[PDB]
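**Student:** Those sequence lines, one after another, are chains A, B, C, D, E, F, G and H. Reading the first sequence from the start, the letters are residues 121 to 181, 192 to 218, 235 to 289 in UniProt numbering. Reading the second sequence from the start, the letters are residues 516 to 673 in UniProt numbering. Reading the third sequence from the start, the letters are residues 1442 to 1489 in UniProt numbering. Reading the fourth sequence from the start, the letters are residues 252 to 452 in UniProt numbering. Reading the fifth sequence from the start, the letters are residues 722 to 769 in UniProt numbering. Reading the sixth sequence from the start, the letters are residues 1314 to 1393 in UniProt numbering. Reading the seventh sequence from the start, the letters are residues 914 to 942, 953 to 970, 979 to 1153 in UniProt numbering. Reading the eighth sequence from the start, the letters are residues 386 to 433 in UniProt numbering. What follows is a single structure, and I will ask about it in a moment.
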Amino acid sequence: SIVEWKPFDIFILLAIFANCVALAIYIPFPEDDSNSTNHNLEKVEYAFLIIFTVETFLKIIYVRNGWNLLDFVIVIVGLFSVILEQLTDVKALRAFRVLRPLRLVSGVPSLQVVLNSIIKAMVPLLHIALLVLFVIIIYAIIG
Amino acid sequence: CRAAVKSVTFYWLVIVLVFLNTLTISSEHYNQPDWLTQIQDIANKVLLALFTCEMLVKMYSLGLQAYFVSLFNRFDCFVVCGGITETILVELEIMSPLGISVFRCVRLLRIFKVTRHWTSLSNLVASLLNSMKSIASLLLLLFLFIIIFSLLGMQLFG
Amino acid sequence: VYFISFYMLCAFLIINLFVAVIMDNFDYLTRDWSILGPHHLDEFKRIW
Amino acid sequence: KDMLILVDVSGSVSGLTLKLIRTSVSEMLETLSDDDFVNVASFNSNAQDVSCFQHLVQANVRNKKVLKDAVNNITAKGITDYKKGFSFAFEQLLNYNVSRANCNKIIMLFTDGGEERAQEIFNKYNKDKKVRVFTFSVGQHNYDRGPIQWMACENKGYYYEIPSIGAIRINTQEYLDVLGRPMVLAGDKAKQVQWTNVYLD
Amino acid sequence: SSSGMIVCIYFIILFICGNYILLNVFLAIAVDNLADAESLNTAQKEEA
Amino acid sequence: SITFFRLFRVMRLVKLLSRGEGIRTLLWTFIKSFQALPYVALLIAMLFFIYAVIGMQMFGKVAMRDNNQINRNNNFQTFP
Amino acid sequence: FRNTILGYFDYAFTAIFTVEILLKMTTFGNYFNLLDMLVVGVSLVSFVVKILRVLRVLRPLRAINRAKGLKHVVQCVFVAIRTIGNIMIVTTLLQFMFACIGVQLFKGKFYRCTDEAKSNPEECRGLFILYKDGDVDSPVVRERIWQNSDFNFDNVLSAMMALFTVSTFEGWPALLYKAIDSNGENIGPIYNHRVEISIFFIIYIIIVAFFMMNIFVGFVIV
Amino acid sequence: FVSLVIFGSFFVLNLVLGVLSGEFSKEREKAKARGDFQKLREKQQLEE
Ligand SMILES: CC(C)CCC[C@@H](C)[C@H]1CC[C@H]2[C@@H]3CC=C4C[C@@H](OC(=O)CCC(=O)O)CC[C@]4(C)[C@H]3CC[C@]12C
Ligand SMILES: *[C@@H]1O[C@H](CO)[C@@H](O[C@@H]2O[C@H](CO)[C@@H](O)[C@H](O)[C@H]2NC(C)=O)[C@H](O)[C@H]1NC(C)=O
Ligand SMILES: [Ca+2]
């Protein structure tokens, strides 16, 4: 709560990078098949989830940020997916782990400013997209 | 003394050297005749022997220190030193069928010498090397976007 | 040669539609609606 | 021969490579006469018989129809367990309650690839190398064929590749080159005239 | 049939939003880097 | 004979849903810009004319198979 | 019947052209007029026969001179064209270098047999049994031919053609997966033999999209 | 279909690219005095 100034956030960023690597080295097999690496990675993801669920657990002090709400949704979805496989289409709900690398744009201010600039520099060109949808709908109805 | 490098005949001979070097590389094809391989596998031997001679001439006439000032000179000496390794490994016990192909690609980098003195391509690479630092953030954002949708597609359609 | 030349020429004549149909009128690309323009004159004429 | 076909019905074989596995098994039962006893089993985290037989059967015209019908009914689902598949296979070869051939004992593995060598089972069920193991890698894939190659080399077997349909007919008959090796070394005592069943010329 | 056509929004977002980002990566690396080589030679032509 | 009138129902929307503040000018200025330089399109028209004539003259004899890239739908046999 | 009728129209128009062109030189005694006698000379000589018929297409080409804005637009095109005198050279040089690298990498490795069961060209001879649509019950007899890819890397010209097709972004995945399966000098392919070879194609695509977007920005947007 | 590829992608793609890149050139005027334009002109003569 007081030690979380700079060594603590670099640790979270490196943990996110490690989670990205682990989620990238997972081989999706067809129809429930697996290998030893997938089982080991499933065992590893418990640690990651335990650390990411404690991040908000020890987060009191922040609640209204556009990234902390995403963090909380990821944490709650991960917990709800882990508790839904111990008592027993749970694999579909696992597709929220790909949102964890999205935390990297919030942890890097250079990326945070660039994302805001790219999202704010496309407001003037909205009219063009409105015309695109307009023409597409007209042509669909004509067809 | 110092006029044997800046002389117009020297540079116009280097142009012909590079032209012959690229002609020997770009003349390869599937099922080429053996005599073409012979005339082409000795052509590099007489070109590496002459390019190394020119490197020795330029090294001991301009000074050992001032040579490694521009980035292109280091590139040229790297290419020349890599050619020596290729010439000896292809004769020693190390076969490396793929390693042969990669080394012949290095010898294709000598064509940049004739384009070196164009005063416009240098500006392009200079601007890129000075401006990559102001867009590495956007490139990394693009790469993160690629990774995110790669993982999402792997989950959905794996 | 027929198809390659046609593709290159077609791509070269498609550049004439970007340097003579969109870049011909820059009074709109950098419109700068905030400070001044023809919208003020149009609105004033309509109110008049 | 006392043949016993092991079919991999795990998840990774779903798609084209299941179609080739079912075709390779069907085109391989065509090389079994009335003197050969065969059975077909499948394993995906659990080993079971694909048909109603539960032991080696005479593999005549009627019996081979049942196994062939039961092969073109299997679906791919589950994880791969080689130890359970081979333990179940080695137990049916050691039955001796039913009529058998009391001759060549062979296990045929129709799979794609894995990282499991299952060397703890081969050191328990056949230490004397009395059972040959022929392994087939079927389909277009990138899974490790190393363990599949090693399985067929320690047990006097052979390794076969079936990438497409064109290789099915020829790869399912070359296992008789391996099985004829002991007969060649016999010499003059292996040269006995035999007569076939009645068939149409 | 059914809700199997609801997963076609993955290839639309990846195309529309992926192509958009590529414009901002390739237009910004030429507008402010190709126009910087125009003034670069402007001062080189002043000395010539 | 009955389709021409029935199709025209879709164009009653635009006359009232194009009245957005800005989209009218966006379309109007760009159609004026397109109409202001009609000679550049003549170059494309001449290019297409010349290349179509050459193509029908030198490839026009090729037959139309059904598994080939030159078929009943794609051929050089006619100017359109 | 149609072709004969259109032949008579050529007689009338060429007569009109030939009776007017002599009038032009009466008031002379400037350079684009040379094309005016070029077309009429082709037609009368037409009266290799396959060259006179294809060279007589330059009828709308001389309509530029009689038009006011058309000549100005053509001159603007000829001025525009020189803007990319430098880029259009460096991109050609890079395409040539990549063609040579591709020749080194995939020289003769794109061959394959008609049936996907024979790897050597020595085994790809004779007839073979082909099963239609993967059905084992419907076989057909076909001959196996040791064919080569249409867009190969055998020599520098073929490499340049293949790389141009890649840069047009058409059929490039097929070439990529053909190169991934590329085995050796004179053998057939293997499924996903070297996936890492896609780095060559990705880098070429990246640095060609960069240049094509570089000569298009400083042409229309600068 | 022909009118859908002319009025559709071709035309509109002209609008999207023109408008998007129009602000990139507009930002260059802001960049002309924001802190880089004079710096680049500085670091081209000393290197030479
Ligand atoms: C930048 C400069 C140095 C260009 C150099 C030109 C050569 C490198 C080019 C132009 C002619 C090209 C040749 C054009 C014609 C042919 C013949 C061709 O082989 C055959 O004609 C028969 C093939 C067979 O026997 O199977 C192989 C490519 C080759 C020599 C090409 C190889 C590359 C060549 C020699
Ligand atoms: C038949 O096979 C069984 C198991 O495959 C052998 O095992 C015996 O089975 C019978 C009952 O079926 C019982 O005697 C015992 O449960 C098993 N063990 C022993 C030691 O008998 C059995 O020996 C085989 N032969 C016979 C004649 O049953
Ligand atoms: Ca498996």
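For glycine and all other residues, C-beta sits at the position ideal for the given N, C-alpha and C.
For a test of the three-state rule: what should DSSP assign to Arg1043/G, helix, strand or coil?
**Tutor:** Translated into positions along the seventh sequence, residue 1043/G becomes position 112. Strand, per DSSP.
**Student:** Anything in chain F within Cβ reach of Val1462/C, meaning under 8 Å, just list it in chain order.
**Tutor:** Residue mapping note: residue 1462/C aligns to position 21 of the third sequence, counting from 1. Those are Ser1346, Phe1347, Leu1350, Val1353, listed as they occur along chain F.
**Student:** Give a yes or no on whether 9 Å exceeds the smallest Cβ distance from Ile1015/G to chain H.
**Tutor:** One-based indexing of the seventh sequence puts residue 1015/G at position 84. It does not; no Cβ of chain H falls within 9 Å.
**Student:** So with Cβ pairs under 9 Å, would you call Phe1027/G a contact of chain B?
**Tutor:** Your numbering for residue 1027/G matches position 96 in the seventh sequence. Judged by the 9 Å Cβ criterion, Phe1027/G is in contact with chain B.
**Student:** Under three-state DSSP, which class holds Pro1070/G?
**Tutor:** Mapped onto the seventh sequence, residue 1070/G falls at position 139. Looking at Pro1070/G - three-state DSSP - the assignment turns out to be strand.
**Student:** Mapping the DSSP letters down to three states, classify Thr157/A as helix, strand or coil.
**Tutor:** Taking the first residue of the first sequence as position 1, residue 157/A is located at position 37. Residue state, collapsed to three classes: helix.
**Student:** Report whether the distance from the Cβ of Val389/D to the nearest heavy atom of ligand 5 is below 8 Å.
**Tutor:** Absence of ligand 5 is noted for the structure shown, with ligand 1, ligand 2 and ligand 3 being the only ligands found.
**Student:** Taking any Cβ of chain C, which residues in the region 1124 to 1153 of chain G have a Cβ under 8 Å from it, in chain order?
**Tutor:** Against chain C - using a Cβ distance shorter than 8 Å - the residues of the region 1124 to 1153 of chain G are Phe1147, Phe1150, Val1151, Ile1152.
**Student:** Applying the 10 Å Cβ sphere with the 16-neighbour rule, what's the burial state of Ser1113/G?
**Tutor:** What you label residue 1113/G is simply residue 182 of the seventh sequence in a count that begins at 1. Buried: at least 16 other Cβ atoms inside 10 Å.
**Student:** How long is the line joining the alpha carbons of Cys596/B and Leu571/B, rounded to whole angstroms?
**Tutor:** In the second sequence, residue 596/B corresponds to position 81, counting from 1. In the second sequence, residue 571/B corresponds to position 56, counting from 1. Rounded to the nearest angstrom, the two C-alpha atoms are 12 Å apart.
**Student:** Check whether the Cβ atoms of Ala1349/F and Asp1465/C sit closer than 9 Å, and answer yes or no.
**Tutor:** For the purposes of this step, residue 1349/F is taken as the residue at position 36 of the sixth sequence. For the purposes of this step, residue 1465/C is taken as the residue at position 24 of the third sequence. Closer than 9 Å, so yes.
**Student:** May I ask whether a heavy atom of ligand 1 can be found less than 8 Å away from the beta carbon of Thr1316/F?
**Tutor:** Looking up residue 1316/F in the sixth sequence gives position 3. For ligand 1, not one heavy atom lies less than 8 Å from the Cβ of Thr1316/F.
**Student:** List the residues of chain F that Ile288/A touches, going by C-beta distances under 8 Å, in chain order.
**Tutor:** Reading the first sequence from its first residue, position 142 is the one you call residue 288/A. Chain F residues near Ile288/A: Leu1320, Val1323.
**Student:** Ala1093/G touches chain C at which residues, Cβ-Cβ below 8 Å?
**Tutor:** One-based indexing of the seventh sequence puts residue 1093/G at position 162. Within 8 Å Cβ-Cβ: nothing; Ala1093/G doesn't reach chain C, min ~13 Å.
**Student:** From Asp439/D, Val449/D, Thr423/D, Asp452/D, pick the residue whose C-alpha is nearest to that of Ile256/D; which is it?
**Tutor:** Here residue 256/D refers to the residue found at position 5 when the fourth sequence is read from its first residue. When each option's Cα is compared against that of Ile256/D, the closest is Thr423/D.
**Student:** Kindly list, in the order they appear in chain F, the residues whose Cβ is closer than 8 Å to that of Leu276/A.
**Tutor:** The residue labelled residue 276/A in the question sits at position 130 within the first sequence. Near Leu276/A (Cβ distances below 8 Å), the residues of chain F are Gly1333, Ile1336.
**Student:** How big is the Cα-Cα spacing for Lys1109/G and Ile1315/F?
**Tutor:** In the seventh sequence, counting from the first residue as 1, residue 1109/G sits at position 178. In the sixth sequence, counting from the first residue as 1, residue 1315/F sits at position 2. Taking the straight line from one Cα to the other gives about 52 Å.
**Student:** In angstroms with no decimal places, state the Cα-to-Cα distance between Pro247/A and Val254/A.
**Tutor:** Taking the first residue of the first sequence as position 1, residue 247/A is located at position 101. Taking the first residue of the first sequence as position 1, residue 254/A is located at position 108. Taking the straight line from one Cα to the other gives about 12 Å.
**Student:** Along the region 391 to 425 of chain D, where does the CB come closer than 9 Å to a CB of chain G? Name the residues.
**Tutor:** Here the close residues are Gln391, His392, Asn393, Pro414, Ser415, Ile416, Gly417, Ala418, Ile419, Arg420, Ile421.
**Student:** Three or more C-beta pairs under 8 Å: does that hold for the region 641 to 654 of chain B against the region 733 to 746 of chain E?
**Tutor:** As far as the Cβ criterion goes, the region 641 to 654 of chain B touches the region 733 to 746 of chain E, which means the pair count is three or higher.
**Student:** Helix, strand or coil for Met359/D per DSSP?
**Tutor:** In the fourth sequence, the residue the question calls residue 359/D occupies position 108. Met359/D falls in the strand class under three-state DSSP.
**Student:** As a quick exercise: from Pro127/A, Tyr192/A, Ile171/A, pick the residue whose alpha carbon is nearest that of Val205/A.
**Tutor:** Here the question's residue 205/A lines up with position 75 in the first sequence. For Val205/A, the nearest C-alpha among the options comes from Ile171/A.
**Student:** Under 9 Å, do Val289/D and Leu283/D count as touching if we go by C-beta distance?
**Tutor:** Residue numbering aside, residue 289/D sits at position 38 when the fourth sequence is read from its first letter. Residue numbering aside, residue 283/D sits at position 32 when the fourth sequence is read from its first letter. Cβ atoms of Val289/D and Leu283/D: closer than 9 Å.
**Student:** For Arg1125/G, which residues of its own chain have a beta-carbon under 8 Å away from its beta-carbon, when the five flanking residues on both sides are left out?
**Tutor:** Start at 1 with the first residue of the seventh sequence, and residue 1125/G comes out as number 194. Hits under 8 Å: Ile1111, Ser1113.
**Student:** Can you pull the chain F neighbours of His273/A, defined as C-beta to C-beta under 7 Å?
**Tutor:** As a position in the first sequence, residue 273/A is number 127, starting the count at 1. Here the neighbours are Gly1335, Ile1336, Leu1339.
**Student:** Answer yes if the region 262 to 276 of chain D comes into contact with the region 147 to 166 of chain A, meaning at least three C-beta pairs across the two stretches below 8 Å, and no otherwise.
**Tutor:** Contact holds: three or more Cβ-Cβ distances are below 8 Å.
**Student:** Would you grab the beta carbon distance between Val281/A and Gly393/H for me? Rounded to a whole angstrom, and I think it's under 8 Å.
**Tutor:** For this step, residue 281/A is matched to residue 135 along the first sequence. For this step, residue 393/H is matched to residue 8 along the eighth sequence. That pair is a contact at about 7 Å.
**Student:** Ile399/D and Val382/D look like a contact to me (Cβ under 8 Å); what is the Cβ gap, rounded to whole Å?
**Tutor:** Within the fourth sequence, numbered from 1, the residue matching residue 399/D stands at position 148. Within the fourth sequence, numbered from 1, the residue matching residue 382/D stands at position 131. With 8 Å as the limit, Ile399/D and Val382/D do not qualify as a contact, their Cβ atoms being about 17 Å apart.
**Student:** What residues in the region 254 to 275 of chain D have a beta carbon less than 8 Å from any beta carbon of chain A?
**Tutor:** So the list reads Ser261, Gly262, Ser263, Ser265, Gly266, given in the order they occur along the chain.
**Student:** Please say whether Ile1015/G and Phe1150/G have beta carbons closer to each other than 9 Å?
**Tutor:** Your numbering for residue 1150/G matches position 219 in the seventh sequence. Your numbering for residue 1015/G matches position 84 in the seventh sequence. It is a contact, given that the beta carbons lie within the stated cut-off.
**Student:** Which chain F residues sit within Cβ distance under 9 Å of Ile284/A?
**Tutor:** Within the first sequence, the letter at position 138 stands for residue 284/A. Those are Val1323, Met1324, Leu1326, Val1327, listed as they occur along chain F.
**Student:** Please classify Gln429/H as buried or exposed, where buried requires at least 16 neighbouring CB atoms within 10 angstroms.
**Tutor:** One-based indexing of the eighth sequence puts residue 429/H at position 44. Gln429/H is buried by the Cβ-count criterion.
**Student:** Kindly list the residues whose CB is nearer than 7 Å to the CB of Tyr146/A, restricted to its own chain and excluding five residues on each side of it in sequence; keep chain order.
**Tutor:** Locating residue 146/A in the first sequence gives position 26, counting from the first residue. So the qualifying residues of the chain are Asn158, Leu161.
**Student:** Whole angstroms is fine: what's the gap from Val979/G's alpha carbon to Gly964/G's?
**Tutor:** Numbered from 1 along the seventh sequence, position 48 holds the residue referred to as residue 979/G. Numbered from 1 along the seventh sequence, position 41 holds the residue referred to as residue 964/G. Whole-angstrom Cα-Cα distance: 15 Å.
**Student:** How many angstroms separate the CA atom of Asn645/B from the CA atom of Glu432/H?
**Tutor:** Mapped onto the second sequence, residue 645/B falls at position 130. Mapped onto the eighth sequence, residue 432/H falls at position 47. If you take the alpha carbons of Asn645/B and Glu432/H, they lie about 13 Å apart.
**Student:** I want to verify the contact list: residues of chain C whose CB lies under 8 Å from the CB of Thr1099/G, in sequence order.
**Tutor:** In the seventh sequence, the residue the question calls residue 1099/G occupies position 168. Near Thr1099/G (Cβ distances below 8 Å), the residues of chain C are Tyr1448.
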